[PDB]
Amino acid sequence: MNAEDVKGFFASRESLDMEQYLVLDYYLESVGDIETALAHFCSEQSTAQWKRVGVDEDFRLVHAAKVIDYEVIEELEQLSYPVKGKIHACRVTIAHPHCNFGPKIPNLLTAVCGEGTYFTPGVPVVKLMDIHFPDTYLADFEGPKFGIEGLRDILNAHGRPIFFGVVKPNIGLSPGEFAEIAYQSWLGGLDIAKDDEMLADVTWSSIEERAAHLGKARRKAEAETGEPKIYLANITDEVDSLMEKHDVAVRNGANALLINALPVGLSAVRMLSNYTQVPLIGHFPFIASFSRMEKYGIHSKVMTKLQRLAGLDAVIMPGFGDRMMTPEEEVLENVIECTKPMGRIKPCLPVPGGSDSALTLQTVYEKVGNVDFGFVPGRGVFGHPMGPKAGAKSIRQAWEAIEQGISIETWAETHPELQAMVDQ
């Protein structure tokens, strides 16, 4: 980068038509002249060369990403990570012109966290902290088709969280065996019975068969509790066959589908979302590989944001445990990304889970601040000493307690299922 040139990779947002730019927040550690490196960073992610030699033109104006602001946190004695001048930890805000990639997700990813993002010479440590989309960009995306209202409408669940339950054991079981356990939890009061993140279409349990069995069980549970129930079938498979698994699962009774977001691809999720006749909910496998390092990779809330934009009606994410290795603040940022306004894009249900039970519902509810979220108790439900129906019943009893200001313990004095959980 040349002194004169640096100048053209900066700008005040006040001087730009921000409706043509995406706003990215990055955490990075620069080496050598700070502003020169930031320029390079911008250049590499956009126009690396903004003119033909001997030609009077400048592609930067419309195609260059520009630093609209940055802050030097501090000077470090060394990088935060031993990766192959003075080094500074910075927080930079960049305006990237979206006309370079358009409303295509793969292309977005290729620009805001591709080669330029992680290989700019003087910027060896980088972490995408956030992405702010202007309405004109958003206007080219559908968003989730059901969102929170859609889910609540189906389950007729209002003024309370939605209750998820992962049918355990998962693997080893057969469609029939699996179906009886799901059936019990639904009778107990579970709202959603889901296939484990790792089930999907396999030889010993095909989506066709499991869907046939669980759909029949689902209906029966509805008829007996008089309450709508939903069976969350895991449909993640090769992209080439997503739409078909949807057809098989849906016609057989699955009324909601689960897909592992990244292993499939955000772009693939978008295709599937524009095709579903049913609510689509995403799981978080793989995200941890690039969102755990505090100062490197991509912040998990960006992936949640993208899951919502791609069209997922609910996003399962690491929860308020501490057994799910995520700081509460982060779990909270993710929850909010699912529900905050995003120009015409419906909010999706945040489903923070990981180490919950009837005994933590109270706490999760207080941290979230409202009742719009899914609760996925991982213990004391299917493993409940009195059986699956009892486990589910204990979760709803714990909720009733909260609904009345009574403590879980007090409420448990007159509720056996909740009491058994308290004894543990």
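Residue indices: 1-based, along the sequence shown.
* Between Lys84 and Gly85 - deposited residues without coordinates, as a size class -> Per the deposited record, the segment joining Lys84 and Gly85 lacks coordinates for 4 to 9 residues.
* What stretch has the higher average Cα B-factor here, 299-307 or 180-188? -> Between 180-188 and 299-307, it is 180-188 that shows the higher mean C-alpha B-factor.
* Report the stretch with the higher mean CA temperature factor, choosing between 381-389 and 62-70 on the basis of the entry. => Taking the mean B-factor of the alpha carbons in each, 381-389 is higher.
* Residue with highest C-alpha B-factor in the PDB entry, from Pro97, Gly147, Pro175, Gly343 -> That would be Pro175, according to the entry.
* Return the residue from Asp135, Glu244, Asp140, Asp313 that has the highest Cα B-factor in the entry. => That would be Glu244.
* Which third, lowest, middle or highest, does the CA B-factor of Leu28 fall in along this chain? -> For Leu28, the deposited C-alpha B-factor lands in the lowest third.
* Ranked against its chain, the third holding the CA B-factor of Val278 -> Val278: CA B-factor falls in the lowest third of its chain.
* Pull the Cα B-factor of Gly374 out of the PDB entry and bin it into the chain's lowest, middle or highest third. => CA B-factor rank for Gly374: lowest third.
* Hey, what third does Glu333 fall into on Cα B-factor, ranked over its chain? -> Within its chain, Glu333 is a middle-third residue by C-alpha B-factor, going by the deposited values.
* Ordered by C-alpha B-factor within the chain, which third holds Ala233? Give me lowest, middle or highest, please. => According to the entry, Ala233 has a C-alpha B-factor in the chain's lowest third.
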